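coords-v5.json follows; it contains JSON, C-alpha atoms and all ligand atoms.
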[["chain", "number", "residue", "atom", "x", "y", "z"],
["P", 4, "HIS", "CA", 88.98, 211.26, -131.02],
["P", 5, "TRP", "CA", 89.87, 214.83, -129.86],
["P", 6, "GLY", "CA", 92.92, 216.26, -131.61],
["P", 7, "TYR", "CA", 94.12, 219.45, -133.32],
["P", 8, "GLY", "CA", 92.38, 219.09, -136.73],
["P", 9, "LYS", "CA", 89.50, 220.87, -138.54],
["P", 10, "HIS", "CA", 86.98, 218.37, -137.26],
["P", 11, "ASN", "CA", 88.32, 217.50, -133.82],
["P", 12, "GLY", "CA", 90.46, 220.49, -132.75],
["P", 13, "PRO", "CA", 90.14, 222.98, -129.86],
["P", 14, "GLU", "CA", 86.89, 224.43, -131.29],
["P", 15, "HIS", "CA", 85.23, 221.02, -130.79],
["P", 16, "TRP", "CA", 86.53, 219.99, -127.38],
["P", 17, "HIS", "CA", 83.61, 221.51, -125.41],
["P", 18, "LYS", "CA", 81.22, 218.86, -126.75],
["P", 19, "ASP", "CA", 83.05, 216.03, -124.88],
["P", 20, "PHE", "CA", 84.60, 218.30, -122.18],
["P", 21, "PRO", "CA", 82.13, 221.12, -121.31],
["P", 22, "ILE", "CA", 84.66, 222.64, -118.85],
["P", 23, "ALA", "CA", 86.39, 223.88, -122.03],
["P", 24, "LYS", "CA", 84.09, 226.95, -121.60],
["P", 25, "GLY", "CA", 84.85, 227.19, -117.85],
["P", 26, "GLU", "CA", 86.02, 230.05, -115.65],
["P", 27, "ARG", "CA", 89.74, 229.21, -115.36],
["P", 28, "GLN", "CA", 90.83, 227.72, -118.69],
["P", 29, "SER", "CA", 94.38, 227.78, -120.08],
["P", 30, "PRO", "CA", 96.38, 228.95, -121.89],
["P", 31, "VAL", "CA", 95.91, 232.72, -121.85],
["P", 32, "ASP", "CA", 97.58, 235.76, -123.40],
["P", 33, "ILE", "CA", 99.91, 237.41, -120.86],
["P", 34, "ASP", "CA", 99.33, 241.16, -121.24],
["P", 35, "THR", "CA", 102.61, 242.33, -119.67],
["P", 36, "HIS", "CA", 101.29, 245.82, -119.13],
["P", 37, "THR", "CA", 98.28, 244.68, -117.07],
["P", 38, "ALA", "CA", 99.97, 241.89, -115.10],
["P", 39, "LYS", "CA", 100.45, 243.19, -111.57],
["P", 40, "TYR", "CA", 103.82, 243.03, -109.80],
["P", 41, "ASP", "CA", 103.24, 241.29, -106.48],
["P", 42, "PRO", "CA", 106.17, 242.06, -104.11],
["P", 43, "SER", "CA", 104.91, 239.34, -101.78],
["P", 44, "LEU", "CA", 105.55, 236.53, -104.37],
["P", 45, "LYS", "CA", 108.58, 234.48, -103.40],
["P", 46, "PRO", "CA", 111.44, 233.30, -105.64],
["P", 47, "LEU", "CA", 110.74, 229.95, -107.28],
["P", 48, "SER", "CA", 112.65, 227.02, -105.75],
["P", 49, "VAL", "CA", 113.47, 224.45, -108.44],
["P", 50, "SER", "CA", 115.18, 221.44, -106.90],
["P", 51, "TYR", "CA", 116.06, 219.05, -109.74],
["P", 52, "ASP", "CA", 119.46, 217.68, -108.66],
["P", 53, "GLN", "CA", 118.08, 214.25, -107.67],
["P", 54, "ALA", "CA", 115.65, 213.93, -110.66],
["P", 55, "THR", "CA", 115.36, 210.37, -111.96],
["P", 56, "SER", "CA", 114.14, 210.29, -115.59],
["P", 57, "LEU", "CA", 112.79, 206.89, -116.66],
["P", 58, "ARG", "CA", 111.31, 206.93, -120.14],
["P", 59, "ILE", "CA", 110.24, 208.99, -123.18],
["P", 60, "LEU", "CA", 106.78, 208.28, -124.66],
["P", 61, "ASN", "CA", 104.92, 209.37, -127.81],
["P", 62, "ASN", "CA", 101.31, 209.44, -126.50],
["P", 63, "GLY", "CA", 99.74, 210.66, -129.78],
["P", 64, "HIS", "CA", 99.62, 214.28, -128.44],
["P", 65, "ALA", "CA", 103.33, 215.11, -127.83],
["P", 66, "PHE", "CA", 106.53, 213.42, -126.62],
["P", 67, "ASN", "CA", 106.76, 213.07, -122.83],
["P", 68, "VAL", "CA", 109.74, 212.48, -120.56],
["P", 69, "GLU", "CA", 108.57, 210.75, -117.39],
["P", 70, "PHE", "CA", 110.29, 210.75, -113.97],
["P", 71, "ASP", "CA", 110.22, 208.70, -110.78],
["P", 72, "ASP", "CA", 107.71, 210.54, -108.64],
["P", 73, "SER", "CA", 107.42, 207.93, -105.86],
["P", 74, "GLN", "CA", 109.66, 210.03, -103.56],
["P", 75, "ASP", "CA", 110.59, 213.73, -103.29],
["P", 76, "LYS", "CA", 113.39, 213.65, -105.83],
["P", 77, "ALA", "CA", 112.70, 216.62, -108.09],
["P", 78, "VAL", "CA", 110.43, 219.23, -106.57],
["P", 79, "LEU", "CA", 109.08, 222.69, -107.18],
["P", 80, "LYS", "CA", 108.39, 224.90, -104.14],
["P", 81, "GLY", "CA", 108.14, 228.59, -103.34],
["P", 82, "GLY", "CA", 106.97, 231.10, -105.88],
["P", 83, "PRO", "CA", 103.14, 231.41, -105.49],
["P", 84, "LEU", "CA", 102.91, 227.86, -104.07],
["P", 85, "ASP", "CA", 102.22, 226.92, -100.54],
["P", 86, "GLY", "CA", 102.87, 223.24, -101.04],
["P", 87, "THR", "CA", 105.64, 220.96, -102.28],
["P", 88, "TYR", "CA", 105.06, 219.77, -105.82],
["P", 89, "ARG", "CA", 106.78, 216.70, -107.27],
["P", 90, "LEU", "CA", 107.97, 216.55, -110.89],
["P", 91, "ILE", "CA", 106.20, 213.75, -112.77],
["P", 92, "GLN", "CA", 106.93, 214.53, -116.47],
["P", 93, "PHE", "CA", 107.62, 217.16, -119.06],
["P", 94, "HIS", "CA", 106.43, 217.64, -122.63],
["P", 95, "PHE", "CA", 106.35, 220.32, -125.33],
["P", 96, "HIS", "CA", 103.86, 221.95, -127.68],
["P", 97, "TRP", "CA", 105.14, 223.27, -130.99],
["P", 98, "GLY", "CA", 104.15, 224.58, -134.39],
["P", 99, "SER", "CA", 104.43, 223.77, -138.09],
["P", 100, "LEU", "CA", 106.32, 227.12, -138.50],
["P", 101, "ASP", "CA", 108.84, 228.94, -136.28],
["P", 102, "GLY", "CA", 106.35, 231.73, -135.68],
["P", 103, "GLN", "CA", 103.73, 229.63, -133.84],
["P", 104, "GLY", "CA", 103.61, 226.69, -131.42],
["P", 105, "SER", "CA", 103.36, 228.18, -127.91],
["P", 106, "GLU", "CA", 100.15, 227.93, -125.90],
["P", 107, "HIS", "CA", 100.63, 231.00, -123.76],
["P", 108, "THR", "CA", 101.41, 234.20, -125.65],
["P", 109, "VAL", "CA", 103.09, 237.37, -124.39],
["P", 110, "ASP", "CA", 101.47, 240.62, -125.60],
["P", 111, "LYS", "CA", 99.99, 238.35, -128.35],
["P", 112, "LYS", "CA", 103.49, 237.14, -129.38],
["P", 113, "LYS", "CA", 103.67, 233.41, -130.20],
["P", 114, "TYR", "CA", 106.86, 231.43, -129.58],
["P", 115, "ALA", "CA", 108.06, 228.45, -131.64],
["P", 116, "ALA", "CA", 107.31, 226.00, -128.80],
["P", 117, "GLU", "CA", 106.54, 225.78, -125.09],
["P", 118, "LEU", "CA", 107.97, 223.37, -122.51],
["P", 119, "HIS", "CA", 105.64, 222.25, -119.68],
["P", 120, "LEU", "CA", 107.21, 220.71, -116.55],
["P", 121, "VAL", "CA", 104.30, 219.08, -114.69],
["P", 122, "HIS", "CA", 104.35, 218.77, -110.89],
["P", 123, "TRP", "CA", 101.70, 217.53, -108.44],
["P", 124, "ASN", "CA", 100.96, 218.62, -104.88],
["P", 125, "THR", "CA", 102.24, 215.94, -102.53],
["P", 127, "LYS", "CA", 99.46, 216.62, -99.98],
["P", 128, "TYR", "CA", 97.14, 214.71, -102.36],
["P", 129, "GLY", "CA", 99.22, 211.52, -102.36],
["P", 130, "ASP", "CA", 99.05, 210.57, -106.10],
["P", 131, "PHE", "CA", 98.84, 212.50, -109.41],
["P", 132, "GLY", "CA", 95.37, 211.02, -110.11],
["P", 133, "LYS", "CA", 94.02, 212.51, -106.88],
["P", 134, "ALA", "CA", 95.83, 215.83, -107.39],
["P", 135, "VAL", "CA", 94.18, 216.55, -110.78],
["P", 136, "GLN", "CA", 90.80, 216.47, -108.98],
["P", 137, "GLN", "CA", 91.83, 219.46, -106.79],
["P", 138, "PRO", "CA", 91.93, 223.22, -107.58],
["P", 139, "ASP", "CA", 95.53, 223.42, -106.26],
["P", 140, "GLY", "CA", 96.55, 219.91, -107.44],
["P", 141, "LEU", "CA", 99.18, 220.72, -110.09],
["P", 142, "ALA", "CA", 101.87, 223.34, -110.73],
["P", 143, "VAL", "CA", 103.03, 223.52, -114.35],
["P", 144, "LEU", "CA", 106.21, 225.47, -115.07],
["P", 145, "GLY", "CA", 106.01, 226.83, -118.63],
["P", 146, "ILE", "CA", 109.10, 227.88, -120.59],
["P", 147, "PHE", "CA", 108.98, 229.49, -124.04],
["P", 148, "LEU", "CA", 111.27, 228.33, -126.85],
["P", 149, "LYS", "CA", 112.49, 230.77, -129.56],
["P", 150, "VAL", "CA", 114.53, 229.68, -132.54],
["P", 151, "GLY", "CA", 118.14, 230.82, -132.56],
["P", 152, "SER", "CA", 121.22, 229.14, -131.04],
["P", 153, "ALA", "CA", 120.92, 225.46, -130.02],
["P", 154, "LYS", "CA", 120.08, 224.41, -126.47],
["P", 155, "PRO", "CA", 122.79, 221.80, -125.67],
["P", 156, "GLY", "CA", 120.75, 220.27, -122.83],
["P", 157, "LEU", "CA", 117.86, 219.57, -125.25],
["P", 158, "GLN", "CA", 119.99, 217.54, -127.70],
["P", 159, "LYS", "CA", 119.69, 214.21, -125.85],
["P", 160, "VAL", "CA", 115.89, 214.54, -126.17],
["P", 161, "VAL", "CA", 116.16, 215.53, -129.86],
["P", 162, "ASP", "CA", 118.37, 212.52, -130.65],
["P", 163, "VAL", "CA", 116.00, 209.82, -129.31],
["P", 164, "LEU", "CA", 112.88, 211.13, -131.16],
["P", 165, "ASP", "CA", 113.35, 208.87, -134.20],
["P", 166, "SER", "CA", 112.94, 205.87, -131.80],
["P", 167, "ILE", "CA", 109.46, 207.07, -130.73],
["P", 168, "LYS", "CA", 108.11, 208.30, -134.07],
["P", 169, "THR", "CA", 104.53, 207.03, -133.70],
["P", 170, "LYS", "CA", 101.74, 206.91, -131.12],
["P", 171, "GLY", "CA", 102.34, 204.35, -128.37],
["P", 172, "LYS", "CA", 106.15, 204.06, -128.83],
["P", 173, "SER", "CA", 108.46, 204.52, -125.86],
["P", 174, "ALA", "CA", 112.13, 204.27, -125.11],
["P", 175, "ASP", "CA", 114.30, 204.05, -122.00],
["P", 176, "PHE", "CA", 115.44, 207.58, -121.08],
["P", 177, "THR", "CA", 117.50, 207.48, -117.90],
["P", 178, "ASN", "CA", 119.91, 210.05, -116.46],
["P", 179, "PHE", "CA", 118.38, 213.04, -118.22],
["P", 180, "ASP", "CA", 118.99, 216.29, -116.32],
["P", 181, "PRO", "CA", 116.06, 218.76, -116.75],
["P", 182, "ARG", "CA", 118.19, 221.59, -115.31],
["P", 183, "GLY", "CA", 119.68, 221.78, -118.85],
["P", 184, "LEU", "CA", 116.34, 223.12, -120.13],
["P", 185, "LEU", "CA", 116.07, 226.16, -117.83],
["P", 186, "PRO", "CA", 116.89, 229.78, -118.74],
["P", 187, "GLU", "CA", 119.17, 231.95, -116.58],
["P", 188, "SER", "CA", 116.33, 233.85, -114.80],
["P", 189, "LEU", "CA", 113.48, 232.35, -112.80],
["P", 190, "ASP", "CA", 111.37, 235.57, -112.98],
["P", 191, "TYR", "CA", 107.79, 234.48, -113.70],
["P", 192, "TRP", "CA", 104.11, 235.27, -114.22],
["P", 193, "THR", "CA", 101.48, 233.19, -112.42],
["P", 194, "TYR", "CA", 97.71, 232.66, -112.60],
["P", 195, "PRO", "CA", 95.16, 229.90, -111.83],
["P", 196, "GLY", "CA", 94.20, 227.82, -114.79],
["P", 197, "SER", "CA", 93.70, 224.37, -116.28],
["P", 198, "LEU", "CA", 95.14, 221.50, -118.27],
["P", 199, "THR", "CA", 95.48, 222.73, -121.88],
["P", 200, "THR", "CA", 94.45, 219.33, -123.26],
["P", 201, "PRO", "CA", 91.31, 217.28, -122.55],
["P", 202, "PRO", "CA", 90.17, 216.62, -119.88],
["P", 203, "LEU", "CA", 90.85, 220.38, -119.35],
["P", 204, "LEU", "CA", 90.63, 220.02, -115.58],
["P", 205, "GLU", "CA", 90.85, 223.23, -113.58],
["P", 206, "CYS", "CA", 93.62, 222.04, -111.29],
["P", 207, "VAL", "CA", 96.72, 224.00, -112.35],
["P", 208, "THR", "CA", 98.69, 226.87, -110.86],
["P", 209, "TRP", "CA", 100.55, 228.12, -113.96],
["P", 210, "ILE", "CA", 104.03, 229.56, -113.50],
["P", 211, "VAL", "CA", 105.34, 230.90, -116.84],
["P", 212, "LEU", "CA", 108.94, 232.05, -116.99],
["P", 213, "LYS", "CA", 109.65, 235.49, -118.48],
["P", 214, "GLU", "CA", 112.90, 234.44, -120.15],
["P", 215, "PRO", "CA", 112.64, 232.05, -123.14],
["P", 216, "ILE", "CA", 115.26, 229.48, -123.99],
["P", 217, "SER", "CA", 116.79, 229.40, -127.48],
["P", 218, "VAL", "CA", 116.76, 226.20, -129.54],
["P", 219, "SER", "CA", 118.12, 225.74, -133.02],
["P", 220, "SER", "CA", 116.07, 225.47, -136.22],
["P", 221, "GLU", "CA", 117.38, 221.90, -136.50],
["P", 222, "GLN", "CA", 116.22, 220.96, -133.00],
["P", 223, "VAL", "CA", 112.63, 222.13, -133.59],
["P", 224, "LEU", "CA", 112.62, 220.62, -137.09],
["P", 225, "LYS", "CA", 113.18, 217.22, -135.44],
["P", 226, "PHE", "CA", 110.08, 217.74, -133.26],
["P", 227, "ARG", "CA", 108.07, 218.17, -136.45],
["P", 228, "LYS", "CA", 109.12, 214.74, -137.81],
["P", 229, "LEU", "CA", 107.15, 212.97, -135.11],
["P", 230, "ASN", "CA", 103.74, 211.46, -135.92],
["P", 231, "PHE", "CA", 100.30, 211.77, -134.30],
["P", 232, "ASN", "CA", 99.30, 208.39, -135.79],
["P", 233, "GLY", "CA", 100.27, 204.89, -134.72],
["P", 234, "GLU", "CA", 102.66, 202.70, -136.77],
["P", 235, "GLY", "CA", 100.90, 201.19, -139.77],
["P", 236, "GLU", "CA", 98.40, 204.10, -140.03],
["P", 237, "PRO", "CA", 98.44, 207.04, -142.53],
["P", 238, "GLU", "CA", 101.16, 209.47, -141.53],
["P", 239, "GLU", "CA", 100.03, 212.69, -139.87],
["P", 240, "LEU", "CA", 102.94, 214.93, -138.76],
["P", 241, "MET", "CA", 102.83, 215.91, -135.09],
["P", 242, "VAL", "CA", 102.75, 219.71, -135.47],
["P", 243, "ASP", "CA", 100.50, 222.48, -134.14],
["P", 244, "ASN", "CA", 99.60, 220.57, -130.99],
["P", 245, "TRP", "CA", 98.79, 223.85, -129.14],
["P", 246, "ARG", "CA", 95.51, 225.17, -127.81],
["P", 247, "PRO", "CA", 95.02, 228.90, -128.55],
["P", 248, "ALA", "CA", 94.63, 231.52, -125.81],
["P", 249, "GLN", "CA", 91.37, 231.34, -123.87],
["P", 250, "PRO", "CA", 89.33, 234.15, -122.20],
["P", 251, "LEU", "CA", 90.97, 235.44, -119.02],
["P", 252, "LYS", "CA", 87.53, 235.99, -117.43],
["P", 253, "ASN", "CA", 87.69, 236.84, -113.71],
["P", 254, "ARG", "CA", 91.44, 236.33, -113.16],
["P", 255, "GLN", "CA", 94.55, 238.53, -112.55],
["P", 256, "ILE", "CA", 97.99, 237.51, -113.79],
["P", 257, "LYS", "CA", 100.69, 238.32, -111.20],
["P", 258, "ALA", "CA", 104.35, 239.10, -111.96],
["P", 259, "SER", "CA", 107.26, 238.24, -109.68],
["P", 260, "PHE", "CA", 109.22, 241.13, -111.22],
["P", 261, "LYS", "CA", 108.74, 244.79, -112.23],
["Q", 301, "LIG", "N1", 99.58, 221.00, -121.26],
["Q", 301, "LIG", "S1", 99.46, 220.76, -119.70],
["Q", 301, "LIG", "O1", 100.72, 221.05, -119.04],
["Q", 301, "LIG", "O2", 98.27, 221.40, -119.15],
["Q", 301, "LIG", "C1", 99.31, 219.02, -119.36],
["Q", 301, "LIG", "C2", 99.36, 218.59, -118.01],
["Q", 301, "LIG", "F1", 99.33, 219.51, -117.05],
["Q", 301, "LIG", "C3", 99.48, 217.30, -117.69],
["Q", 301, "LIG", "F2", 99.51, 216.94, -116.40],
["Q", 301, "LIG", "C4", 99.54, 216.27, -118.65],
["Q", 301, "LIG", "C5", 99.46, 216.64, -120.02],
["Q", 301, "LIG", "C6", 99.35, 217.99, -120.29],
["Q", 301, "LIG", "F3", 99.32, 218.31, -121.61],
["Q", 301, "LIG", "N2", 99.60, 215.66, -121.03],
["Q", 301, "LIG", "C7", 98.75, 215.52, -122.22],
["Q", 301, "LIG", "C8", 97.77, 214.33, -122.15],
["Q", 301, "LIG", "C9", 96.78, 214.51, -120.98],
["Q", 301, "LIG", "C10", 95.67, 213.46, -120.85],
["Q", 301, "LIG", "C11", 96.00, 211.97, -120.92],
["Q", 301, "LIG", "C12", 96.49, 211.32, -122.21],
["Q", 301, "LIG", "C13", 96.06, 211.97, -123.52],
["Q", 301, "LIG", "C14", 96.96, 212.99, -124.23],
["Q", 301, "LIG", "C15", 97.09, 214.36, -123.54],
["Q", 301, "LIG", "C16", 100.57, 214.58, -120.74],
["Q", 301, "LIG", "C17", 100.01, 213.69, -119.61],
["Q", 301, "LIG", "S2", 99.86, 214.62, -118.11],
["Q", 301, "LIG", "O3", 101.15, 214.63, -117.41],
["Q", 301, "LIG", "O4", 98.72, 214.20, -117.36],
["Q", 302, "ZN", "ZN", 101.34, 221.10, -122.06]]

Please express the file's structure as structure tokens.
Ligand SMILES: NS(=O)(=O)c1c(F)c(F)c2c(c1F)N(CC1CCCCCCC1)CCS2(=O)=O
Ligand SMILES: [Zn+2]
Amino acid sequence: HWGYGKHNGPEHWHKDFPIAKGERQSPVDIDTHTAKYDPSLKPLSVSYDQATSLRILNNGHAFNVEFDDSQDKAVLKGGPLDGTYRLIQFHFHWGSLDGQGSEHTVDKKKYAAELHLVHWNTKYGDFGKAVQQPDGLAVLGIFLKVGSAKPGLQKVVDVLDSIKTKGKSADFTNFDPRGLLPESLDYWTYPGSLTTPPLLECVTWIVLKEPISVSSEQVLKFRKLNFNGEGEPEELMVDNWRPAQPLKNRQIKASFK
């Protein structure tokens, strides 16, 4: 029953998930002036050359591209991380309008969408164990602005009509997530949470400074998806973002000056 509506949206989630009011919730606004450059932060190591995509799923929240995570095929290392984190899936959040849709904001600026590449710390053995740990996940967040198309996004765009409604999936092999990355891997980082229920406080967030551009047509195709299942009243899948949460007793670090 949680969702993004008037009667079941972010404002309501604390009743079923009291951690919603916790000490390390995400997303947050990234105040670029008060983020501290940390010269000890390492470059991010994104190793996606052996990624094995399997499937794309509409789970009633977003669309989700899932990978084989039963071996170290696509991993994230370095940056603020001390472990080796395996890619399990990516998904997006987006708006009804080009001027909203991101979860994180930058100096209060909202982007049209935000890509989340989810990785789990291999020292915990499975994803289900990892989400129970304060250093279980590392989510790489990438902003999307509307402008020129992103060619490496088009294969995703093109399959969306085959997963229009909740519970639909489609085979999605040989997708290369390197086509979704910007030129720079400069980043901000802070400790936070899942941005959807169950809102677990298990995530090291790494948000890239440089957005990617996508076209107005690419994001318009995201907005054709449905929150509902087939045979139910149509509800367009838009505005599936949680707003910025209190930073509380946290410092956002920058890898760059
Ligand atoms: N936004 S976020 O990056 O913090 C985030 C996340 F970190 C995740 F790990 C997952 C998310 C999710 F958003 N989702 C959304 C799911 C999470 C809970 C299970 C199924 C219900 C829909 C929402 C995809 C599955 S998931 O891979 O478990
Ligand atoms: Zn997300």

Would you list the contacts of residue 147 of chain P as a PDB file with C-alpha atoms, keeping the file's coordinate frame, taking every protein, DNA or RNA residue within 8 Å and counting all atoms listed in the file, but skipping same-chain residues closer than 3 positions in sequence?
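Output contents, as saved in out.pdb:
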ATOM      1  CA  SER P 105     103.360 228.180-127.910  1.00  0.00           C
ATOM      2  CA  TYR P 114     106.860 231.430-129.580  1.00  0.00           C
ATOM      3  CA  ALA P 115     108.060 228.450-131.640  1.00  0.00           C
ATOM      4  CA  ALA P 116     107.310 226.000-128.800  1.00  0.00           C
ATOM      5  CA  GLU P 117     106.540 225.780-125.090  1.00  0.00           C
ATOM      6  CA  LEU P 118     107.970 223.370-122.510  1.00  0.00           C
ATOM      7  CA  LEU P 212     108.940 232.050-116.990  1.00  0.00           C
ATOM      8  CA  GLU P 214     112.900 234.440-120.150  1.00  0.00           C
ATOM      9  CA  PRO P 215     112.640 232.050-123.140  1.00  0.00           C
ATOM     10  CA  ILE P 216     115.260 229.480-123.990  1.00  0.00           C
TER      11      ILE P 216
END

Just want the 9 Å neighbourhood of segment 228-242 of chain P, counted on all atoms listed in the file, with same-chain residues fewer than 5 positions away dropped. Output as a compact mmCIF listing (two decimals) with C-alpha atoms, keeping the file's coordinate frame.
# COMPACT_ATOMS: atom_id res chain seq x y z
CA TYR P 7 94.12 219.45 -133.32
CA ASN P 61 104.92 209.37 -127.81
CA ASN P 62 101.31 209.44 -126.50
CA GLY P 63 99.74 210.66 -129.78
CA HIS P 64 99.62 214.28 -128.44
CA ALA P 65 103.33 215.11 -127.83
CA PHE P 66 106.53 213.42 -126.62
CA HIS P 96 103.86 221.95 -127.68
CA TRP P 97 105.14 223.27 -130.99
CA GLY P 98 104.15 224.58 -134.39
CA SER P 99 104.43 223.77 -138.09
CA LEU P 100 106.32 227.12 -138.50
CA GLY P 104 103.61 226.69 -131.42
CA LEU P 164 112.88 211.13 -131.16
CA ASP P 165 113.35 208.87 -134.20
CA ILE P 167 109.46 207.07 -130.73
CA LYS P 168 108.11 208.30 -134.07
CA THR P 169 104.53 207.03 -133.70
CA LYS P 170 101.74 206.91 -131.12
CA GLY P 171 102.34 204.35 -128.37
CA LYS P 172 106.15 204.06 -128.83

Kindly compute an axis-aligned box around the listed atoms of segment 18-35 of chain P, allowing 8 Å on each side, and express its centre and edge lengths in Å to one decimal as JSON.
{"center_x": 91.9, "center_y": 229.2, "center_z": -121.1, "size_x": 37.4, "size_y": 42.3, "size_z": 27.4}

TODO: Tell me, as a ChimeraX atom specification, which residues lie within 9 Å of residue 193 of chain P, counting all atoms listed in the file; anything in the same chain fewer than 5 positions away does not count.
DONE: /P:82-83,208-212,255-259

TODO: Pick out the residues sitting within 8 Å of segment 106-110 of chain P, and hand them over as a list in words; count all atoms listed in the file, and ignore anything fewer than 2 positions along from it in its own chain.
DONE: residues 29, 30, 31, 32, 33, 34, 35, 96, 104, 112, 113, 114, 116, 117, 245, 246, 247 and 248 of chain P

TODO: Select the residues contacting ligand LIG 301 (chain Q) at a distance of at most 10 Å, based on all atoms listed in the file, then format the selection as an MDAnalysis selection string.
DONE: chainID P and resid 5:6 28:30 60:69 90:96 106 117:123 131:132 134:135 140:145 196:209 244:246

Open item on the list: Just checking: using only C-alpha atoms and all ligand atoms, which residue out of P:146, P:77, P:51, P:189 ends up closest to ligand ZN 302 (chain Q)?
Closed with: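 Under the stated criterion, the closest residue is P:146.
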
- [ ] Starting from the point (102.2, 244.3, -109.7), work out which residues of protein, DNA or RNA have an atom no more than 8 Å away when counting only C-alpha atoms; state them as a list in words.
- [x]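 Those within range, by chain then number, are residues 38, 39, 40, 41, 42, 257, 258, 259, 260 and 261 of chain P.
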
Keeping C-alpha atoms, export the residues of the selection given above as a PDB file, in the coordinates of the input.
ATOM      1  CA  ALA P  38      99.970 241.890-115.100  1.00  0.00           C
ATOM      2  CA  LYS P  39     100.450 243.190-111.570  1.00  0.00           C
ATOM      3  CA  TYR P  40     103.820 243.030-109.800  1.00  0.00           C
ATOM      4  CA  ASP P  41     103.240 241.290-106.480  1.00  0.00           C
ATOM      5  CA  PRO P  42     106.170 242.060-104.110  1.00  0.00           C
ATOM      6  CA  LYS P 257     100.690 238.320-111.200  1.00  0.00           C
ATOM      7  CA  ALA P 258     104.350 239.100-111.960  1.00  0.00           C
ATOM      8  CA  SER P 259     107.260 238.240-109.680  1.00  0.00           C
ATOM      9  CA  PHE P 260     109.220 241.130-111.220  1.00  0.00           C
ATOM     10  CA  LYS P 261     108.740 244.790-112.230  1.00  0.00           C
TER      11      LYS P 261
END

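The coordinates place atom CA of residue 177 of chain P at 17.1 Å from atom CA of residue 155 of chain P.
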
Open item on the list: Could you check the closest approach to residue 224 of chain P for each of P:161, P:56, P:136, P:154 and tell me which residue wins, using all atoms listed in the file?
Closed with: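 Closest candidate: P:161.
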
TODO: To one decimal in Å, tell me the separation between atom CA of residue 166 of chain P and atom CA of residue 217 of chain P.
DONE: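 Interatomic distance here is 24.2 Å.
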
TODO: Work out how far apart atom CA of residue 124 of chain P and atom CA of residue 180 of chain P are and give it in Å to one decimal.
DONE: 21.5 Å

Task: Residues near residue 50 of chain P, cut-off 10 Å, only C-alpha atoms, skip fewer than 6 positions along chain, as number ranges by chain - done: P: 75-80, 89-90, 182

Grab the residues selected above and save them as a PDB file, in the coordinates of the input with C-alpha atoms.
ATOM      1  CA  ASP P  75     110.590 213.730-103.290  1.00  0.00           C
ATOM      2  CA  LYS P  76     113.390 213.650-105.830  1.00  0.00           C
ATOM      3  CA  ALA P  77     112.700 216.620-108.090  1.00  0.00           C
ATOM      4  CA  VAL P  78     110.430 219.230-106.570  1.00  0.00           C
ATOM      5  CA  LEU P  79     109.080 222.690-107.180  1.00  0.00           C
ATOM      6  CA  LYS P  80     108.390 224.900-104.140  1.00  0.00           C
ATOM      7  CA  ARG P  89     106.780 216.700-107.270  1.00  0.00           C
ATOM      8  CA  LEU P  90     107.970 216.550-110.890  1.00  0.00           C
ATOM      9  CA  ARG P 182     118.190 221.590-115.310  1.00  0.00           C
TER      10      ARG P 182
END

- [ ] Find, counting all atoms listed in the file, the residue in P:218, P:23, P:184, P:174 that gets nearest to residue 249 of chain P.
- [x] P:23
